[PDB]
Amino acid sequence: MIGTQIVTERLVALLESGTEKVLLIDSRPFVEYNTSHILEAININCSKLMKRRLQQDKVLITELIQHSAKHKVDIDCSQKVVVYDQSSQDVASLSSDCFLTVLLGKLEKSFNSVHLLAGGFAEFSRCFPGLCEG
């Protein structure tokens, strides 16, 4: 896993353009997600069990994404994928074995461009409240 980031302003620049198709993933607990999240973000359960099954490779990230979608999600390895939790500043500040870290590895294998959101939902919701759904 390489691990790269995108900042809020640049994500919004990305969303506002008909340039790229974005897969937005919210890796927080569902109460948080259901409470508020970035528009059209897909909730991927931050479970300790799900982490085990992903690293056991008994679940595929592409499988989890689609099962987690209320919509019928488009899986396409050309989609720019942005992941976020509550307040992680960068990939380096993560522990080697946590869920988000595991999630990024699986994603970087199935998608060409995978980025963590700098500051997480905390910063994003702080800057663009009109872009969050409750």
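Just count from 1 along the sequence shown to find any residue number.
Looking at 117-125 and 13-21 together, the entry lists the larger mean B-factor for 13-21, computed on C-alpha atoms. Of the two segments, 40-48 and 77-85, the one listed with the higher mean B-factor is 40-48 (C-alpha atoms only). The PDB entry gives the largest Cα B-factor of the residues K106, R28, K70, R53 to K70. Compared with the other modelled residues of the chain, the Cα B-factor recorded for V7 ranks in the lowest third.
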